[PDB]
Colleague: 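Please read through the structure below; I'll follow up with questions.
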Amino acid sequence: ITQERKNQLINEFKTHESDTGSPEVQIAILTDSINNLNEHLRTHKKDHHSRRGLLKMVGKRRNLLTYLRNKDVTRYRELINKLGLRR
RNA sequence: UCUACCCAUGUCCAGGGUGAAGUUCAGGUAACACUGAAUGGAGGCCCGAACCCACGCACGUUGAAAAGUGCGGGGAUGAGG
Ligand SMILES: [Mg+2]
Ligand SMILES: [Mg+2]
Ligand SMILES: [Mg+2]
């Protein structure tokens with residue numbers, strides 16, 4: 001467990017001090033879980049059930065990224081640079 | 001001392017072509033795949049002298065020669081000479 005990743009990408013674009021539901025925070029946590037799960041699948045190549053989990057996370061993260069991009073174009077660009085995404 | 005195979009140690013193979021893997025960059029996707037370009041220089045790879053071979057024909061047949069010559073021919077970085 002890491003609230004580290006919360007308090008980092010809360011404060012970058014914080015609505016509240018104890019913001020949790022910011023797209024920033026969500027996308028960041030998704031990015032952390034995605035990347036963790038990828039390295040599981042490097043080892044456990046034929047864990048297909050878990051891999052469907054990955055594809056759902058990826059789809060959530062994409063949809064939240066498309067949401068920012070349409071909402072706040074600058075705020076989107078700051079998030080993808082810090083996480084190191086492309087889209 | 002010919003020749004067959006082997007062992008040790010040397011050496012030879014003008015030139016030209018083709019463009020494997022890999023790599024890089026770009027694209028590419030959540031990751032990979034995958035795509036393009038450049039690079040790269042593989043091969044009992046290609047064309048072709050030396051060299052090695054001996055497919056066809058002619059000639060020769062008391063020969064220039066007890067196996068050759070002429071004109072073409074095959075291999076030519078290899079299980080090579
Ligand atoms: Mg050859
Ligand atoms: Mg040749
Ligand atoms: Mg000849």
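The figures here come from the full heavy-atom set of this structure, side chains too, leaving out hydrogens, waters and symmetry mates. Every chain is numbered from 1 and lettered A, B, ... according to where its sequence line falls, protein lines coming before strand lines.
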Colleague: Are B:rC45 and B:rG44 stacked, with six-ring centres under 5.5 Å and planes under 30°?
Modeller: no

Colleague: Sugar at B:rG40: north or south, per the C1'-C2'-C3'-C4' sign?
Modeller: north

Colleague: So, for A:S22 and A:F13, which heavy atoms are closest and what is the spacing to 0.1 Å?
Modeller: OG-O, 3.8 Å

Colleague: Give a yes or no on whether B:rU11 and B:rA76 are a Watson-Crick or wobble pair, applying the 3.5 Å threshold to both distances.
Modeller: no

Colleague: Just by the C1'-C2'-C3'-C4' torsion, is B:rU77 north or south?
Modeller: south

Colleague: According to a 3.5 Å cut-off on both distances, are B:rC59 and B:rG68 Watson-Crick or G-U wobble paired?
Modeller: yes

Colleague: Would B:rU69 and B:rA58 pass as a Watson-Crick or G-U wobble pair if both distances have to be under 3.5 angstrom?
Modeller: yes

Colleague: Any salt bridge between A:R42 and A:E39, counting N to O under 4.0 Å?
Modeller: yes

Colleague: Could you check if B:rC71 and B:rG56 make a Watson-Crick or G-U wobble pair, where both distances must be under 3.5 Å?
Modeller: yes

Colleague: For the nucleotides B:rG78 and B:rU9, report whether a Watson-Crick or G-U wobble pair is present, with both relevant distances below 3.5 Å.
Modeller: no

Colleague: For the sugar ring of B:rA67, does the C1'-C2'-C3'-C4' torsion put it in the north or the south range?
Modeller: south

Colleague: Using the P atom as the point on both nucleotides, what is the distance between B:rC7 and B:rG80, in whole Å?
Modeller: 12 Å

Colleague: Using the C1' atom on both, measure B:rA42 against B:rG81 and round to a whole Å.
Modeller: 24 Å

Colleague: Taking atom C1' in both B:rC46 and B:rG78, what distance in whole Å separates the two?
Modeller: 15 Å

Colleague: Please report the distance separating the P of B:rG48 from the corresponding atom of B:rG17, rounded so that it comes out in whole Å.
Modeller: 15 Å

Colleague: Go through residues 47-68 of chain A and report each residue with a non-hydrogen atom lying under 4.0 Å from RNA chain B, sorted by number.
Modeller: A:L54, A:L55, A:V58, A:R61, A:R62

Colleague: Scan for side-chain hydrogen bond (donor to acceptor under 3.5 Å, both in side chains) pairs involving residues 55-64 of chain A, sequence neighbours excluded, and state none if there are none.
Modeller: A:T31-A:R61

Colleague: For chain A and RNA chain B, what are the first and last nucleotides along the strand, 5' to 3', with at least one atom under 4.0 angstrom from a heavy atom of the protein chain?
Modeller: B:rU29 to B:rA31

Colleague: For A:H49, enumerate each residue passing the side-chain contact (heavy atoms from CB on, under 4.5 Å) test, keeping only those at least two apart in sequence or located in another chain.
Modeller: A:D47

Colleague: Rounding to the closest angstrom, what is the interatomic distance between B:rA49 and B:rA33 at atom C1'?
Modeller: 49 Å

Colleague: In whole Å, measure the gap between the P atoms of B:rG16 and B:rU35 for me.
Modeller: 34 Å

Colleague: When you compare the six-membered rings of B:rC25 and B:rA26, are they both close enough (centres under 5.5 Å) and flat enough to each other (planes under 30°) to count as stacked?
Modeller: yes

Colleague: Cluster partners of A:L30, using ILVMFWY side-chain heavy atoms under 4.5 angstrom, listed by chain and number?
Modeller: A:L9, A:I27, A:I34, A:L37, A:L41, A:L54, A:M57, A:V58, A:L64, A:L65, A:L68, A:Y76, A:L79, A:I80, A:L83, A:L85

Colleague: Under the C1'-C2'-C3'-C4' criterion, what is the pucker of the sugar in B:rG27: north or south?
Modeller: north

Colleague: Determine yes or no for a side-chain-to-main-chain donor-acceptor pair under 3.5 angstrom, with A:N38 supplying the side chain and A:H40 the backbone.
Modeller: no

Colleague: Between residues 70-87 of chain A and RNA chain B, which residues have a heavy-atom gap below 4.0 Å?
Modeller: A:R86

Colleague: Give a single yes or no on stacking for B:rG78 with B:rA79, with the cut-offs at 5.5 Å between ring centres and 30° between planes.
Modeller: no

